[PDB]
Protein chains: 2
Amino acid sequence: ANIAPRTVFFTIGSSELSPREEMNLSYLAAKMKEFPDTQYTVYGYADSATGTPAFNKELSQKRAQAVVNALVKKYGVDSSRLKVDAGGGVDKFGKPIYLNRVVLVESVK
Amino acid sequence: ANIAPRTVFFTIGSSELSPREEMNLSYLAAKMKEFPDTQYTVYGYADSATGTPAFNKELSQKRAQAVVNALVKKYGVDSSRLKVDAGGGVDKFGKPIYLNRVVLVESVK
């Protein structure tokens with residue numbers, strides 16, 4: 001009953017949620033509200049191919065936090081159910097490098 | 001145990017899947033493979049604010065079909081589990097109008 005990991009993409013150097021991602025996120029929040037006991041990890045990432053490690057660490061943190069903030073503030077999800085994990089700059093998502101500018105929302109087993 | 005509806009967005013007049021959407025879709029396919037009995041409807045849409053009704057109908061069909069084709073051909077999902085619904089041109093997704101250029105993958109209850 002654990003979600004398919006949710007992908008939220010971002011533009012370069014930005015932690016802002018686009019209209020597409022707000023739409024994406026509203027469906028996930030409805031599922032979260034339907035099963036109020038489920039826990040989630042909100043992994044934030046950035047591409048290590050540009051910017052410094054510390055900038056990419058902060059950016060990944062802010063990306064995860066913006067996803068948390070929309071679920072909590074806009075779609076009414078208990079903040080205690082969401083845990084931020086700042087993954088920093090990575091290449092774990094391959095190329096094009098913007099695929100690493102992403103948040104993954106995953107269920108906690 | 002039904003998925004949170006999955007959003008797959010498209011560029012104007014196009015039914016091509018971007019690198020971001022292929023990444024998005026790979027996580028959904030893994031969930032589909034984990035629970036092989038689940039059925040899904042693949043709703044395709046276009047924005048009714050541009051183009052003719054018949055063009056938007058075909059475009060919505062091709063969008064849904066491209067999502068089906070990636071799940072079946074690239075991520076090995078039984079074609080019989082996925083049903084296309086061509087929604088044609090709509091405004092059901094609000095503005096900006098590109099939010100209507102989308103596929104929704106939904107579980108069949």
# chains A, B, ... in the order shown; residues from 1 in each chain; ligands from 1
>>> closest_atom_pairs(of="chain A", to="chain B", cutoff="9 Å", atoms="only C-alpha atoms", output="CSV")
residue,atom,partner,partner_atom,distance
A:1,CA,B:1,CA,4.7
A:2,CA,B:1,CA,7.7
A:3,CA,B:3,CA,6.6
A:4,CA,B:28,CA,5.5
A:5,CA,B:27,CA,6.0
A:6,CA,B:24,CA,7.4
A:7,CA,B:24,CA,5.8
A:8,CA,B:24,CA,8.7
A:9,CA,B:20,CA,7.7
A:19,CA,B:96,CA,7.6
A:20,CA,B:99,CA,6.4
A:23,CA,B:99,CA,8.0
A:24,CA,B:7,CA,5.8
A:27,CA,B:4,CA,5.9
A:28,CA,B:4,CA,5.5
A:29,CA,B:4,CA,8.5
A:30,CA,B:4,CA,7.7
A:31,CA,B:4,CA,5.7
A:32,CA,B:4,CA,8.8
A:93,CA,B:23,CA,8.6
A:95,CA,B:19,CA,8.6
A:96,CA,B:19,CA,7.6
A:98,CA,B:20,CA,8.5
A:99,CA,B:20,CA,6.4
>>> write_last_selection(atoms="C-alpha atoms", output="PDB file, in the first residue's frame")
ATOM      1  CA  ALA A   1       0.000   0.000   0.000  1.00  0.00           C
ATOM      2  CA  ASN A   2       3.092   2.167  -0.376  1.00  0.00           C
ATOM      3  CA  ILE A   3       3.100   4.837  -3.073  1.00  0.00           C
ATOM      4  CA  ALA A   4       4.976   4.679  -6.311  1.00  0.00           C
ATOM      5  CA  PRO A   5       7.846   7.126  -5.626  1.00  0.00           C
ATOM      6  CA  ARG A   6       6.719  10.597  -6.698  1.00  0.00           C
ATOM      7  CA  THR A   7       8.970  12.741  -8.898  1.00  0.00           C
ATOM      8  CA  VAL A   8       8.905  16.545  -8.556  1.00  0.00           C
ATOM      9  CA  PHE A   9      11.251  18.376 -10.936  1.00  0.00           C
ATOM     10  CA  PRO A  19       2.058  24.956 -11.747  1.00  0.00           C
ATOM     11  CA  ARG A  20       2.630  21.442 -13.150  1.00  0.00           C
ATOM     12  CA  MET A  23      -0.989  19.783  -9.856  1.00  0.00           C
ATOM     13  CA  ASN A  24       1.216  16.675  -9.541  1.00  0.00           C
ATOM     14  CA  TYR A  27      -3.097  14.045  -6.245  1.00  0.00           C
ATOM     15  CA  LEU A  28      -0.430  12.669  -3.903  1.00  0.00           C
ATOM     16  CA  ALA A  29      -1.775  14.717  -0.992  1.00  0.00           C
ATOM     17  CA  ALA A  30      -5.281  13.299  -1.538  1.00  0.00           C
ATOM     18  CA  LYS A  31      -3.830   9.793  -1.266  1.00  0.00           C
ATOM     19  CA  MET A  32      -1.947  10.860   1.878  1.00  0.00           C
ATOM     20  CA  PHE A  93      19.595  10.220 -12.046  1.00  0.00           C
ATOM     21  CA  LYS A  95      21.536  12.599 -18.051  1.00  0.00           C
ATOM     22  CA  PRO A  96      20.287  15.056 -19.110  1.00  0.00           C
ATOM     23  CA  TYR A  98      18.403  18.309 -15.039  1.00  0.00           C
ATOM     24  CA  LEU A  99      16.982  14.889 -14.079  1.00  0.00           C
TER      25      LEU A  99
END
>>> calpha_fit_and_write(fixed="chain B", moving="chain A", output="compact mmCIF listing (two decimals) with N, CA and C atoms, in the first residue's frame")
# COMPACT_ATOMS: atom_id res chain seq x y z
N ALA A 1 -5.17 0.31 -2.00
CA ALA A 1 -3.91 -0.07 -2.65
C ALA A 1 -3.86 0.49 -4.06
N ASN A 2 -4.74 1.45 -4.33
CA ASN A 2 -4.80 2.07 -5.65
C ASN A 2 -3.88 3.29 -5.70
N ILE A 3 -3.24 3.49 -6.85
CA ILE A 3 -2.19 4.51 -6.95
C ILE A 3 -2.77 5.91 -6.77
N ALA A 4 -1.92 6.82 -6.34
CA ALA A 4 -2.25 8.23 -6.50
C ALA A 4 -2.20 8.54 -7.99
N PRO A 5 -3.27 9.11 -8.57
CA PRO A 5 -3.27 9.38 -10.01
C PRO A 5 -1.97 10.03 -10.47
N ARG A 6 -1.41 9.49 -11.55
CA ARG A 6 -0.11 9.89 -12.06
C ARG A 6 -0.27 10.91 -13.17
N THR A 7 0.45 12.03 -13.07
CA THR A 7 0.38 13.10 -14.05
C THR A 7 1.59 13.04 -14.98
N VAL A 8 1.33 13.01 -16.28
CA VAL A 8 2.36 13.03 -17.32
C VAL A 8 2.04 14.20 -18.24
N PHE A 9 2.92 15.20 -18.27
CA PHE A 9 2.69 16.42 -19.03
C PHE A 9 3.40 16.39 -20.38
N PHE A 10 2.88 17.18 -21.32
CA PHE A 10 3.35 17.20 -22.70
C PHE A 10 3.51 18.64 -23.16
N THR A 11 4.36 18.84 -24.17
CA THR A 11 4.51 20.15 -24.77
C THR A 11 3.43 20.37 -25.83
N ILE A 12 3.39 21.59 -26.36
CA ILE A 12 2.24 22.02 -27.16
C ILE A 12 2.17 21.20 -28.44
N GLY A 13 0.98 20.67 -28.72
CA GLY A 13 0.74 19.86 -29.90
C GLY A 13 1.49 18.55 -30.00
N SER A 14 2.16 18.11 -28.93
CA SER A 14 3.07 16.97 -28.98
C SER A 14 2.58 15.84 -28.09
N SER A 15 2.80 14.60 -28.53
CA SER A 15 2.54 13.41 -27.73
C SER A 15 3.83 12.68 -27.37
N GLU A 16 4.96 13.37 -27.44
CA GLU A 16 6.25 12.77 -27.12
C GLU A 16 6.49 12.81 -25.62
N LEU A 17 7.11 11.75 -25.09
CA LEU A 17 7.47 11.68 -23.68
C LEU A 17 8.87 12.25 -23.47
N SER A 18 9.00 13.20 -22.56
CA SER A 18 10.28 13.84 -22.29
C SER A 18 11.14 12.95 -21.41
N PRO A 19 12.43 13.24 -21.30
CA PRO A 19 13.25 12.51 -20.31
C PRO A 19 12.67 12.56 -18.90
N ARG A 20 12.14 13.71 -18.46
CA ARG A 20 11.52 13.77 -17.14
C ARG A 20 10.34 12.80 -17.04
N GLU A 21 9.53 12.71 -18.09
CA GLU A 21 8.36 11.85 -17.98
C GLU A 21 8.73 10.38 -18.04
N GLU A 22 9.74 10.01 -18.85
CA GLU A 22 10.23 8.64 -18.79
C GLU A 22 10.69 8.28 -17.38
N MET A 23 11.40 9.19 -16.72
CA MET A 23 11.81 8.93 -15.34
C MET A 23 10.59 8.77 -14.44
N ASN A 24 9.66 9.73 -14.53
CA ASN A 24 8.39 9.66 -13.80
C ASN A 24 7.74 8.30 -13.99
N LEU A 25 7.66 7.85 -15.24
CA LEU A 25 6.90 6.64 -15.55
C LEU A 25 7.59 5.38 -15.06
N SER A 26 8.93 5.38 -14.96
CA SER A 26 9.62 4.16 -14.57
C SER A 26 9.25 3.74 -13.15
N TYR A 27 9.04 4.71 -12.26
CA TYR A 27 8.65 4.38 -10.90
C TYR A 27 7.25 3.80 -10.84
N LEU A 28 6.33 4.34 -11.64
CA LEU A 28 4.98 3.79 -11.70
C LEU A 28 4.99 2.36 -12.23
N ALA A 29 5.77 2.11 -13.27
CA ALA A 29 5.82 0.76 -13.84
C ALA A 29 6.33 -0.26 -12.82
N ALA A 30 7.31 0.12 -12.00
CA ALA A 30 7.81 -0.79 -10.97
C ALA A 30 6.70 -1.15 -9.98
N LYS A 31 5.90 -0.17 -9.57
CA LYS A 31 4.73 -0.46 -8.75
C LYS A 31 3.76 -1.38 -9.48
N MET A 32 3.53 -1.14 -10.77
CA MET A 32 2.61 -1.98 -11.53
C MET A 32 3.11 -3.42 -11.59
N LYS A 33 4.43 -3.60 -11.71
CA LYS A 33 5.02 -4.93 -11.76
C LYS A 33 4.98 -5.61 -10.40
N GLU A 34 5.04 -4.84 -9.32
CA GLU A 34 4.98 -5.42 -7.99
C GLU A 34 3.60 -6.00 -7.68
N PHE A 35 2.53 -5.41 -8.23
CA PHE A 35 1.16 -5.87 -8.02
C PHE A 35 0.56 -6.16 -9.38
N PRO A 36 0.84 -7.34 -9.95
CA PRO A 36 0.51 -7.59 -11.36
C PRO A 36 -0.97 -7.75 -11.67
N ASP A 37 -1.84 -7.78 -10.67
CA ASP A 37 -3.26 -7.94 -10.94
C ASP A 37 -4.00 -6.62 -11.11
N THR A 38 -3.39 -5.49 -10.74
CA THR A 38 -4.08 -4.21 -10.78
C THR A 38 -4.30 -3.73 -12.21
N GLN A 39 -5.46 -3.09 -12.43
CA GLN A 39 -5.85 -2.52 -13.71
C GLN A 39 -5.81 -1.00 -13.65
N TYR A 40 -5.62 -0.38 -14.81
CA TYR A 40 -5.47 1.07 -14.88
C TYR A 40 -6.18 1.63 -16.09
N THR A 41 -6.66 2.86 -15.95
CA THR A 41 -7.14 3.66 -17.07
C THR A 41 -6.13 4.76 -17.34
N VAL A 42 -5.75 4.92 -18.61
CA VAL A 42 -4.80 5.94 -19.03
C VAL A 42 -5.60 7.02 -19.75
N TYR A 43 -5.97 8.07 -19.03
CA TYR A 43 -6.74 9.17 -19.59
C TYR A 43 -5.80 10.13 -20.31
N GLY A 44 -6.05 10.40 -21.59
CA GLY A 44 -5.31 11.40 -22.32
C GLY A 44 -6.15 12.66 -22.48
N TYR A 45 -5.48 13.82 -22.49
CA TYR A 45 -6.16 15.10 -22.58
C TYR A 45 -5.35 16.07 -23.43
N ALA A 46 -6.04 17.13 -23.86
CA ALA A 46 -5.42 18.29 -24.48
C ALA A 46 -6.22 19.51 -24.06
N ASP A 47 -5.64 20.70 -24.25
CA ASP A 47 -6.36 21.91 -23.87
C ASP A 47 -7.29 22.33 -25.00
N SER A 48 -8.56 22.56 -24.66
CA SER A 48 -9.54 22.98 -25.66
C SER A 48 -9.38 24.44 -26.07
N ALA A 49 -8.47 25.16 -25.43
CA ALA A 49 -8.23 26.57 -25.70
C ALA A 49 -7.46 26.82 -27.00
N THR A 50 -6.84 25.79 -27.57
CA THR A 50 -6.11 25.89 -28.83
C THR A 50 -6.36 24.62 -29.65
N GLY A 51 -6.38 24.78 -30.97
CA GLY A 51 -6.63 23.67 -31.87
C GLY A 51 -8.10 23.31 -31.96
N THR A 52 -8.43 22.49 -32.96
CA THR A 52 -9.82 22.10 -33.16
C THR A 52 -10.19 20.93 -32.25
N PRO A 53 -11.50 20.69 -32.06
CA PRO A 53 -11.91 19.52 -31.26
C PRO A 53 -11.37 18.19 -31.77
N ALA A 54 -11.38 17.97 -33.09
CA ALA A 54 -10.93 16.68 -33.61
C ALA A 54 -9.43 16.53 -33.49
N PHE A 55 -8.68 17.62 -33.67
CA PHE A 55 -7.24 17.52 -33.46
C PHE A 55 -6.95 17.20 -32.01
N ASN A 56 -7.65 17.88 -31.09
CA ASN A 56 -7.42 17.64 -29.67
C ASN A 56 -7.84 16.24 -29.26
N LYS A 57 -8.90 15.70 -29.88
CA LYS A 57 -9.28 14.31 -29.63
C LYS A 57 -8.16 13.35 -30.03
N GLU A 58 -7.63 13.49 -31.25
CA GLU A 58 -6.54 12.63 -31.69
C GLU A 58 -5.31 12.80 -30.83
N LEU A 59 -4.98 14.04 -30.50
CA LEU A 59 -3.80 14.30 -29.68
C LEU A 59 -3.93 13.64 -28.31
N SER A 60 -5.11 13.73 -27.70
CA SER A 60 -5.34 13.08 -26.41
C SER A 60 -5.20 11.57 -26.53
N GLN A 61 -5.69 11.01 -27.64
CA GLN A 61 -5.53 9.59 -27.91
C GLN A 61 -4.06 9.21 -28.01
N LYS A 62 -3.29 9.98 -28.78
CA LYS A 62 -1.88 9.66 -28.97
C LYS A 62 -1.08 9.83 -27.69
N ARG A 63 -1.46 10.81 -26.86
CA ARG A 63 -0.80 11.00 -25.58
C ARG A 63 -1.00 9.79 -24.68
N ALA A 64 -2.26 9.38 -24.49
CA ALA A 64 -2.54 8.17 -23.72
C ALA A 64 -1.81 6.96 -24.30
N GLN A 65 -1.81 6.83 -25.63
CA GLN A 65 -1.18 5.67 -26.25
C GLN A 65 0.33 5.66 -26.05
N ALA A 66 0.98 6.83 -26.07
CA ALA A 66 2.42 6.86 -25.83
C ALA A 66 2.76 6.46 -24.41
N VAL A 67 1.91 6.82 -23.45
CA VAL A 67 2.14 6.41 -22.07
C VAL A 67 1.98 4.90 -21.94
N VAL A 68 0.92 4.35 -22.54
CA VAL A 68 0.73 2.90 -22.59
C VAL A 68 1.95 2.22 -23.22
N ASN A 69 2.41 2.76 -24.36
CA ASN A 69 3.49 2.11 -25.11
C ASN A 69 4.80 2.06 -24.32
N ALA A 70 5.09 3.08 -23.52
CA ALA A 70 6.30 3.03 -22.71
C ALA A 70 6.17 1.99 -21.61
N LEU A 71 5.02 1.97 -20.93
CA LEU A 71 4.83 0.98 -19.87
C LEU A 71 4.94 -0.43 -20.42
N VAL A 72 4.32 -0.68 -21.57
CA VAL A 72 4.31 -2.02 -22.14
C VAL A 72 5.66 -2.37 -22.74
N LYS A 73 6.20 -1.49 -23.60
CA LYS A 73 7.39 -1.85 -24.36
C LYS A 73 8.68 -1.64 -23.56
N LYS A 74 8.79 -0.53 -22.83
CA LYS A 74 10.03 -0.25 -22.13
C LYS A 74 10.07 -0.86 -20.74
N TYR A 75 8.95 -0.91 -20.04
CA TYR A 75 8.94 -1.34 -18.66
C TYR A 75 8.17 -2.64 -18.45
N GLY A 76 7.88 -3.37 -19.53
CA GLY A 76 7.28 -4.69 -19.46
C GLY A 76 6.03 -4.80 -18.62
N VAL A 77 4.94 -4.17 -19.05
CA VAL A 77 3.65 -4.24 -18.38
C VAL A 77 2.67 -4.86 -19.36
N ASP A 78 1.89 -5.84 -18.89
CA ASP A 78 0.92 -6.50 -19.75
C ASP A 78 -0.03 -5.47 -20.35
N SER A 79 -0.08 -5.42 -21.68
CA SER A 79 -0.93 -4.46 -22.37
C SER A 79 -2.39 -4.58 -21.95
N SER A 80 -2.84 -5.80 -21.61
CA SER A 80 -4.24 -5.98 -21.25
C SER A 80 -4.62 -5.27 -19.95
N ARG A 81 -3.65 -4.81 -19.16
CA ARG A 81 -3.94 -4.15 -17.89
C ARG A 81 -4.20 -2.66 -18.04
N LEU A 82 -3.98 -2.09 -19.22
CA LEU A 82 -4.06 -0.66 -19.44
C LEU A 82 -5.12 -0.37 -20.49
N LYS A 83 -6.03 0.55 -20.17
CA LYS A 83 -7.13 0.93 -21.06
C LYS A 83 -7.02 2.43 -21.36
N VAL A 84 -6.95 2.78 -22.64
CA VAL A 84 -6.87 4.17 -23.07
C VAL A 84 -8.25 4.82 -23.00
N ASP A 85 -8.30 6.05 -22.50
CA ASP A 85 -9.50 6.90 -22.58
C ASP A 85 -9.08 8.24 -23.16
N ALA A 86 -9.48 8.53 -24.39
CA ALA A 86 -9.14 9.79 -25.03
C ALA A 86 -10.13 10.86 -24.58
N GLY A 87 -9.69 11.77 -23.73
CA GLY A 87 -10.57 12.79 -23.21
C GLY A 87 -10.76 14.01 -24.09
N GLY A 88 -9.99 14.13 -25.16
CA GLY A 88 -10.14 15.27 -26.04
C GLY A 88 -9.71 16.57 -25.37
N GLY A 89 -10.04 17.67 -26.05
CA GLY A 89 -9.70 18.98 -25.53
C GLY A 89 -10.58 19.36 -24.36
N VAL A 90 -9.97 19.80 -23.26
CA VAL A 90 -10.71 20.15 -22.05
C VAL A 90 -10.12 21.42 -21.44
N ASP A 91 -10.83 21.92 -20.42
CA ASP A 91 -10.32 22.95 -19.52
C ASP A 91 -10.45 22.48 -18.07
N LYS A 92 -10.68 21.18 -17.88
CA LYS A 92 -10.84 20.56 -16.57
C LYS A 92 -9.61 20.74 -15.68
N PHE A 93 -8.50 21.21 -16.22
CA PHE A 93 -7.30 21.36 -15.40
C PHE A 93 -6.92 22.82 -15.22
N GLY A 94 -7.78 23.75 -15.63
CA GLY A 94 -7.59 25.14 -15.24
C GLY A 94 -6.54 25.84 -16.09
N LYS A 95 -5.93 26.88 -15.51
CA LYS A 95 -4.84 27.59 -16.15
C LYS A 95 -3.59 27.53 -15.27
N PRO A 96 -2.39 27.74 -15.86
CA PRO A 96 -2.14 27.96 -17.30
C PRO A 96 -2.64 26.80 -18.18
N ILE A 97 -2.98 27.10 -19.44
CA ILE A 97 -3.70 26.13 -20.27
C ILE A 97 -2.88 24.87 -20.53
N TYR A 98 -1.55 24.95 -20.39
CA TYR A 98 -0.75 23.75 -20.62
C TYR A 98 -1.00 22.65 -19.58
N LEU A 99 -1.66 22.97 -18.46
CA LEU A 99 -2.00 21.94 -17.48
C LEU A 99 -3.00 20.93 -18.03
N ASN A 100 -3.73 21.29 -19.09
CA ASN A 100 -4.62 20.37 -19.76
C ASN A 100 -3.91 19.49 -20.78
N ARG A 101 -2.60 19.67 -20.98
CA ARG A 101 -1.83 18.85 -21.92
C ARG A 101 -1.16 17.75 -21.11
N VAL A 102 -1.93 16.71 -20.81
CA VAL A 102 -1.57 15.81 -19.72
C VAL A 102 -2.21 14.45 -19.93
N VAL A 103 -1.58 13.43 -19.35
CA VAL A 103 -2.17 12.11 -19.18
C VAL A 103 -2.34 11.86 -17.69
N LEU A 104 -3.48 11.32 -17.31
CA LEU A 104 -3.71 10.86 -15.95
C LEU A 104 -3.79 9.34 -15.97
N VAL A 105 -2.90 8.67 -15.23
CA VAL A 105 -2.98 7.23 -15.03
C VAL A 105 -3.66 7.01 -13.69
N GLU A 106 -4.75 6.23 -13.71
CA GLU A 106 -5.59 6.00 -12.54
C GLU A 106 -5.83 4.51 -12.38
N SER A 107 -5.89 4.04 -11.14
CA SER A 107 -6.27 2.66 -10.88
C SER A 107 -7.75 2.44 -11.19
N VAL A 108 -8.06 1.26 -11.72
CA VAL A 108 -9.43 0.79 -11.86
C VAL A 108 -9.82 0.06 -10.58
N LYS A 109 -10.87 0.55 -9.92
CA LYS A 109 -11.36 -0.09 -8.70
C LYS A 109 -12.14 -1.37 -9.01
>>> select_by_dssp(residues="stretch 5-100 of chain A", states="helix (DSSP H, G or I)", output="count of residues only")
45
>>> select_by_dssp(residues="stretch 16-56 of chain B", states="strand (DSSP E or B)", output="PyMOL selection string")
chain B and resi 40-47
>>> write_last_selection(atoms="N, CA and C atoms", output="PDB file, in the first residue's frame")
ATOM      1  N   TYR B  40      -5.619  -0.378 -14.815  1.00  0.00           N
ATOM      2  CA  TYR B  40      -5.466   1.068 -14.878  1.00  0.00           C
ATOM      3  C   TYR B  40      -6.185   1.632 -16.092  1.00  0.00           C
ATOM      4  N   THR B  41      -6.659   2.864 -15.951  1.00  0.00           N
ATOM      5  CA  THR B  41      -7.141   3.662 -17.070  1.00  0.00           C
ATOM      6  C   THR B  41      -6.129   4.764 -17.341  1.00  0.00           C
ATOM      7  N   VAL B  42      -5.748   4.920 -18.606  1.00  0.00           N
ATOM      8  CA  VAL B  42      -4.797   5.936 -19.034  1.00  0.00           C
ATOM      9  C   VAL B  42      -5.599   7.019 -19.752  1.00  0.00           C
ATOM     10  N   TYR B  43      -5.967   8.075 -19.025  1.00  0.00           N
ATOM     11  CA  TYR B  43      -6.742   9.173 -19.594  1.00  0.00           C
ATOM     12  C   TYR B  43      -5.801  10.133 -20.308  1.00  0.00           C
ATOM     13  N   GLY B  44      -6.054  10.400 -21.585  1.00  0.00           N
ATOM     14  CA  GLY B  44      -5.311  11.405 -22.321  1.00  0.00           C
ATOM     15  C   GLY B  44      -6.147  12.662 -22.483  1.00  0.00           C
ATOM     16  N   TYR B  45      -5.477  13.817 -22.486  1.00  0.00           N
ATOM     17  CA  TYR B  45      -6.158  15.099 -22.582  1.00  0.00           C
ATOM     18  C   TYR B  45      -5.351  16.068 -23.430  1.00  0.00           C
ATOM     19  N   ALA B  46      -6.036  17.126 -23.859  1.00  0.00           N
ATOM     20  CA  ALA B  46      -5.424  18.287 -24.484  1.00  0.00           C
ATOM     21  C   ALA B  46      -6.217  19.514 -24.059  1.00  0.00           C
ATOM     22  N   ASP B  47      -5.641  20.698 -24.245  1.00  0.00           N
ATOM     23  CA  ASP B  47      -6.358  21.911 -23.870  1.00  0.00           C
ATOM     24  C   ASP B  47      -7.292  22.327 -25.001  1.00  0.00           C
TER      25      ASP B  47
END
>>> decode(residues="stretch 83-107 of chain A", atoms="N, CA and C atoms", output="mmCIF file, in the first residue's frame")
data_model
loop_
_atom_site.group_PDB
_atom_site.id
_atom_site.type_symbol
_atom_site.label_atom_id
_atom_site.label_comp_id
_atom_site.auth_asym_id
_atom_site.auth_seq_id
_atom_site.Cartn_x
_atom_site.Cartn_y
_atom_site.Cartn_z
ATOM 1 N N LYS A 83 9.360 13.525 6.446
ATOM 2 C CA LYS A 83 10.738 13.697 6.896
ATOM 3 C C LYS A 83 11.601 14.100 5.706
ATOM 4 N N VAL A 84 12.293 15.234 5.828
ATOM 5 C CA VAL A 84 13.181 15.726 4.778
ATOM 6 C C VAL A 84 14.498 14.956 4.807
ATOM 7 N N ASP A 85 14.997 14.592 3.622
ATOM 8 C CA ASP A 85 16.350 14.063 3.453
ATOM 9 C C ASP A 85 17.028 14.864 2.350
ATOM 10 N N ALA A 86 18.005 15.693 2.715
ATOM 11 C CA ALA A 86 18.722 16.496 1.728
ATOM 12 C C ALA A 86 19.828 15.649 1.111
ATOM 13 N N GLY A 87 19.640 15.240 -0.143
ATOM 14 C CA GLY A 87 20.615 14.391 -0.792
ATOM 15 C C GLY A 87 21.789 15.102 -1.421
ATOM 16 N N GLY A 88 21.758 16.428 -1.481
ATOM 17 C CA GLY A 88 22.864 17.155 -2.067
ATOM 18 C C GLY A 88 22.980 16.916 -3.565
ATOM 19 N N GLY A 89 24.104 17.371 -4.110
ATOM 20 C CA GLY A 89 24.355 17.218 -5.534
ATOM 21 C C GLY A 89 24.699 15.779 -5.878
ATOM 22 N N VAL A 90 24.024 15.230 -6.889
ATOM 23 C CA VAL A 90 24.231 13.839 -7.282
ATOM 24 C C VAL A 90 24.238 13.727 -8.802
ATOM 25 N N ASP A 91 24.586 12.527 -9.272
ATOM 26 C CA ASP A 91 24.391 12.117 -10.658
ATOM 27 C C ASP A 91 23.615 10.807 -10.717
ATOM 28 N N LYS A 92 22.992 10.429 -9.597
ATOM 29 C CA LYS A 92 22.203 9.212 -9.457
ATOM 30 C C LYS A 92 21.039 9.148 -10.442
ATOM 31 N N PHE A 93 20.720 10.243 -11.125
ATOM 32 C CA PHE A 93 19.595 10.220 -12.046
ATOM 33 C C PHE A 93 20.034 10.372 -13.495
ATOM 34 N N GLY A 94 21.337 10.307 -13.765
ATOM 35 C CA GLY A 94 21.796 10.181 -15.137
ATOM 36 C C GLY A 94 21.784 11.510 -15.872
ATOM 37 N N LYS A 95 21.659 11.428 -17.202
ATOM 38 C CA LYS A 95 21.536 12.599 -18.051
ATOM 39 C C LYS A 95 20.226 12.547 -18.828
ATOM 40 N N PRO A 96 19.731 13.704 -19.315
ATOM 41 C CA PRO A 96 20.287 15.056 -19.110
ATOM 42 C C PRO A 96 20.391 15.449 -17.621
ATOM 43 N N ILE A 97 21.341 16.335 -17.291
ATOM 44 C CA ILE A 97 21.688 16.569 -15.887
ATOM 45 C C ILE A 97 20.514 17.147 -15.102
ATOM 46 N N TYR A 98 19.541 17.761 -15.778
ATOM 47 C CA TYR A 98 18.403 18.309 -15.039
ATOM 48 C C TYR A 98 17.542 17.236 -14.379
ATOM 49 N N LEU A 99 17.714 15.962 -14.742
ATOM 50 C CA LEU A 99 16.982 14.889 -14.079
ATOM 51 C C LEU A 99 17.381 14.737 -12.621
ATOM 52 N N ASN A 100 18.554 15.243 -12.240
ATOM 53 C CA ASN A 100 18.988 15.261 -10.854
ATOM 54 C C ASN A 100 18.426 16.443 -10.077
ATOM 55 N N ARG A 101 17.668 17.340 -10.722
ATOM 56 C CA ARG A 101 17.069 18.488 -10.036
ATOM 57 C C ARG A 101 15.638 18.105 -9.682
ATOM 58 N N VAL A 102 15.497 17.359 -8.589
ATOM 59 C CA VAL A 102 14.280 16.589 -8.374
ATOM 60 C C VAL A 102 14.085 16.324 -6.887
ATOM 61 N N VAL A 103 12.832 16.114 -6.505
ATOM 62 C CA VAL A 103 12.469 15.567 -5.208
ATOM 63 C C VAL A 103 11.812 14.219 -5.444
ATOM 64 N N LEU A 104 12.178 13.236 -4.632
ATOM 65 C CA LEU A 104 11.508 11.943 -4.616
ATOM 66 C C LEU A 104 10.743 11.813 -3.306
ATOM 67 N N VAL A 105 9.424 11.642 -3.390
ATOM 68 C CA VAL A 105 8.611 11.339 -2.222
ATOM 69 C C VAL A 105 8.407 9.832 -2.203
ATOM 70 N N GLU A 106 8.774 9.203 -1.085
ATOM 71 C CA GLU A 106 8.751 7.754 -0.931
ATOM 72 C C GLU A 106 8.045 7.387 0.364
ATOM 73 N N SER A 107 7.297 6.287 0.342
ATOM 74 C CA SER A 107 6.713 5.774 1.573
ATOM 75 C C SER A 107 7.788 5.208 2.498
#
